[PDB]
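Structure record follows, encoded as structure tokens.
There are 2 protein chains.
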Amino acid sequence: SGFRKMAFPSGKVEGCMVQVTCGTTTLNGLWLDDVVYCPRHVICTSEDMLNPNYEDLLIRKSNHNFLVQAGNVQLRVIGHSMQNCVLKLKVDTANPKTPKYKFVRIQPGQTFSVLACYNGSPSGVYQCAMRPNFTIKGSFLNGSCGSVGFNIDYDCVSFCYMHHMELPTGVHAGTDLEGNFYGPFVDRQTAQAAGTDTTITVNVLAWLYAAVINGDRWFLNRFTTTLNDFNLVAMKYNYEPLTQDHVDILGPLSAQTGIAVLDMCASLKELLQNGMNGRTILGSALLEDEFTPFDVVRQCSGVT
Amino acid sequence: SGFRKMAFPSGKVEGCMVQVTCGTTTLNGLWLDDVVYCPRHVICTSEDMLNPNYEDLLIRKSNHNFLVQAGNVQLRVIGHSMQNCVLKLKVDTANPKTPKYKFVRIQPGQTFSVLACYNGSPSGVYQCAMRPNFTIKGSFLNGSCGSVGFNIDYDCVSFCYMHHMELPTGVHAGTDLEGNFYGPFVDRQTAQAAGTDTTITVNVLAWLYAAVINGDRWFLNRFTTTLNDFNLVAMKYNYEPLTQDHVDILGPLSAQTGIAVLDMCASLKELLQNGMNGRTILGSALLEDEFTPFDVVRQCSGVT
Ligand SMILES: *CCC(=O)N1CCN(Cc2ccc(F)cc2)CC1
Ligand SMILES: *CCC(=O)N1CCN(Cc2ccc(F)cc2)CC1
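These protein sequence lines map, in sequence, to chains A and B.
The numbers in the UniProt record's numbering rise by one with no breaks, and the one at position 133 of the first sequence is 3396.
The numbers in the UniProt record's numbering rise by one with no breaks, and the one at position 223 of the second sequence is 3486.
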């Protein structure tokens, strides 16, 4: 037992990390097959970021201007092209360490692991969630752009995120592997404020089920509620409204613990209205929302 | 910016994970060079764990009785021996994926990454701290024994932990890579209660410095304190007493932020005596103690 914010093993992603340099700017790239994926702002100078015309800037660039280094070995660039906000650099060698992979665009409320990188070298790994307002709350310093988010299904890596920027608010924004930003964010150094970030209700409930499984039961009560009644409370406390689909994904956890989804909603309702009263749940003093129902099942069963 | 419970990239450790089977019991092993390291209770049947005589049990075992599988390939066992609570199985092949490594015995209050494994396959990675009472608060299900804790210094993996057991309290105990348990724990299914777990004071202060660096400054106050005055408060709240050595390791963070170590102690004192008043620090509603001063510097500078 025990419950931790657990990341996927980062090994398959580490072997794909490269360093991409264009002029004075250096950031991370993702090498899969004979292609290196990186944020298009690698062609920008800090000055350009106020309002870059990426098409005009990329015209001044040739294959030899993109230096791609994998550890200590230089990759030869035979092609370059821009797809939305990412650059695709075709190299002459397929990555021998390319794992089975997919490029997927995750839904808000879903979770993923981030392998933070600097100069193409990995520094650490952590679990993240795509917030409902399409930002992530990561840990990224200068040179971390190009670091990727992923999920792993046995041997297949599903890449879902590429880090592009930190907003003036300290929150993070980026793209899927097709170069499309999550949310309304643009790859420009401008005033960009994230919308109201709601709490992911289905993840809080799934984490409450995880607490019941692992011993923490103080928050359970003699009450029940309905989807409409719970949602009045969820709206007051800036929680996502719960749907029948959310109820259904909670099915496995409801069945294992024997606590009805609406009964757990009544426990959540009382915690929202009364707080924790100085108590903790799974070592946290607040309601955790970065564990999906799938994450809880996986951790409580030991899927490798 | 941003601050996360970040684990080391687990790649170098993934390539060392194997599956060790002895009779009906299967757990994880660590393959470095021509040796496989695993918990000695792999020779036990669930019945034996009440009071196992490991020397007597190991006499009934031969090299052919230890089945060691690395993914899909079987390793040939040419030697076996027990060193404290770990078994060392000499195999006929050096692990081609062995990284540069050390075996180190960490101090209480230090942190490490755990690569949780089942049947020799990695499921996830998380950051842990060796508690002052020598237990860890992990996430381990049946079949996770043999999973290891480590730290990484550029290319050298320092293994510090091997998981051996969950106490009836749900907390975890294990050994260093020489088979010596951290704390008073024995590899036996008996009543074993961890001592009083104190909060790691130097890590809370280092995490407070991390909050100041990353924007959260509400907790800073117009007060200061002394080592003796602070320690009266730390003793009341079951915090480790602060020493001049703790003050000195906080030197880099004190210098970067310009906030004197004793001034930050006065902020910590007020948080202990008054709580958070419903506020948060780095997304946490309690005082985090699983980030060492070294972890904070590393994350705030981007060491790969
Ligand atoms: C790779 C993008 C990223 O996360 N960082 C690089 C730039 N950093 C500074 C920054 C912060 C906020 C801004 F509005 C612009 C630049 C932060 C880390
Ligand atoms: C590898 C040891 C471990 O963490 N586990 C295996 C046994 N599990 C059950 C257990 C719990 C508490 C006990 F006192 C004995 C056995 C938990 C996970």
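C-beta atoms are modelled at their ideal positions from N, C-alpha and C, and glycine is treated no differently.
Residue i versus residue j: straight-line alpha-carbon distance, rounded
i: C3285(B); j: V3560(A); result: 29 Å
i: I3476(B); j: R3323(B); result: 59 Å
i: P3395(B); j: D3552(B); result: 11 Å
i: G3334(A); j: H3327(A); result: 19 Å
i: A3357(A); j: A3529(B); result: 57 Å
i: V3524(A); j: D3296(B); result: 51 Å
i: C3563(A); j: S3264(A); result: 8 Å
i: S3273(A); j: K3360(A); result: 13 Å
i: residue 3213(A); j: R3451(A); result: Here chain A covers residues 3264 to 3567 and nothing more, so residue 3213(A) does not appear.
i: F3413(B); j: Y3364(B); result: 10 Å
i: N3382(B); j: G3478(A); result: 26 Å
i: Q3332(A); j: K3353(A); result: 13 Å
i: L3549(A); j: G3541(A); result: 10 Å
i: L3330(A); j: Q3337(A); result: 7 Å
i: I3306(A); j: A3497(B); result: 52 Å
i: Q3507(B); j: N3484(B); result: 22 Å
i: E3318(B); j: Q3346(B); result: 11 Å
i: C3419(B); j: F3271(B); result: 12 Å
i: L3404(B); j: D3492(B); result: 43 Å
i: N3316(A); j: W3470(B); result: 41 Å
i: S3325(B); j: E3441(B); result: 22 Å
i: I3399(A); j: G3278(A); result: 24 Å
i: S3410(B); j: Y3417(B); result: 22 Å
i: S3376(B); j: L3534(A); result: 32 Å
i: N3443(B); j: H3427(B); result: 11 Å
i: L3505(B); j: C3391(B); result: 21 Å
i: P3302(B); j: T3453(A); result: 55 Å
i: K3351(A); j: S3407(A); result: 18 Å
i: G3565(B); j: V3388(A); result: 12 Å
i: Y3445(B); j: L3320(B); result: 24 Å
i: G3458(B); j: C3380(B); result: 28 Å
i: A3473(A); j: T3520(A); result: 9 Å
i: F3366(B); j: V3434(A); result: 38 Å
i: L3495(A); j: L3468(B); result: 40 Å
i: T3287(A); j: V3298(B); result: 46 Å
i: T3555(A); j: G3437(A); result: 21 Å
Interface partners of residue i on chain A, CB under 7 Å
i: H3327(B); result: Residues of chain A passing the Cβ test: none, with the nearest at roughly 27 Å.
i: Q3562(B); result: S3402
i: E3533(B); result: Per Cβ cutoff of 7 Å: no residues; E3533(B) is ~17 Å from chain A at best.
Contacts of residue i in chain A (Cβ-Cβ under 8 Å)
i: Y3389(B); result: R3267, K3268, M3269 and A3270
i: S3273(B); result: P3272, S3273, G3274 and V3388
i: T3567(B); result: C3380, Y3381, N3382, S3384, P3385 and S3386
Neighbouring residues, chain A, relative to residue i (Cβ below 9 Å)
i: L3549(B); result: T3543, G3546, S3547, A3548 and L3549
Chain B residues whose Cβ lies nearer than 8 Å to that of residue i
i: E3503(A); result: The premise fails here: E3503(A) is roughly 18 Å from chain B at the closest Cβ pair, so nothing lies under 8 Å.
i: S3264(A); result: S3402, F3403, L3404, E3429 and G3433
i: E3277(A); result: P3272 and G3274
Sheet register partners of residue i (DSSP bridge)
i: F3366(B); result: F3422(B)
i: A3548(B); result: DSSP output for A3548(B) lists no bridge partner at all.
i: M3269(A); result: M3269(A) is not bridged to any residue.
i: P3359(A); result: BP columns for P3359(A) are empty, so no partner.
i: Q3337(A); result: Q3332(A)
i: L3293(B); result: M3280(B) and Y3300(B)
i: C3285(B); result: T3288(B) and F3329(B)
i: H3343(A); result: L3352(A)
Neighbour list for residue i in chain B, Cβ cutoff strictly below 9 Å
i: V3283(A); result: In chain order: nothing, as chain B lies at least about 15 Å away.
Closer than 7 Å: residue i CB and nearest ligand 3 heavy atom
i: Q3282(B); result: What this structure holds is ligand 1 and ligand 2, not ligand 3.
**Study point:** Those runs of the beta strand (DSSP E) which lie wholly inside the segment 3368-3418 of chain A and span at least 3 residues
**Key:** With a minimum length of 3 residues, the continuous beta strand (DSSP E) runs that stay inside the segment 3368-3418 of chain A are 3374-3381, 3384-3392 and 3411-3416.
Review point. Enumerated in chain order, which unbroken segments of the alpha helix (DSSP H) with a length of 4 residues or greater are wholly contained in the segment 3483-3514 of chain A?
Key: As far as the segment 3483-3514 of chain A is concerned, its whole alpha helix (DSSP H) runs of at least 4 residues are 3490-3499 and 3507-3512.
Review point. When you check each C-beta in the segment 3435-3446 of chain B against every C-beta of chain A, which residues fall closer than 9 Å?
Key: Result list: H3435.
**Study point:** Members of the segment 3457-3478 of chain A near chain B, C-beta cut-off 8 Å
**Key:** Of all residues in the segment 3457-3478 of chain A, only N3477 and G3478 place a beta-carbon less than 8 Å from a beta-carbon of chain B.
Check your understanding: Of all the residues that make up the segment 3352-3385 of chain B, which are near chain A by a beta-carbon distance shorter than 8 Å?
Key -> From the segment 3352-3385 of chain B, only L3378, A3379, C3380, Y3381, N3382, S3384 and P3385 have a Cβ closer than 8 Å to chain A.
Practice item. Check distances from the C-beta atoms of the segment 3406-3418 of chain B to those of chain A and list, in chain order, the residues that come in under 8 Å. Key: Correct list: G3406 and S3407.
Practice item. Residues of the segment 3326-3347 of chain B with a CB closer than 8 Å to any CB of chain A: list them in chain order, please. Key: Flagged: no residues at all.
Exercise for review: Pick out the complete beta strand (DSSP E) segments inside the segment 3429-3467 of chain B, 3 residues or longer, and give them in chain order.
Suggested key: Complete beta strand (DSSP E) runs here, min 3: 3435-3438.
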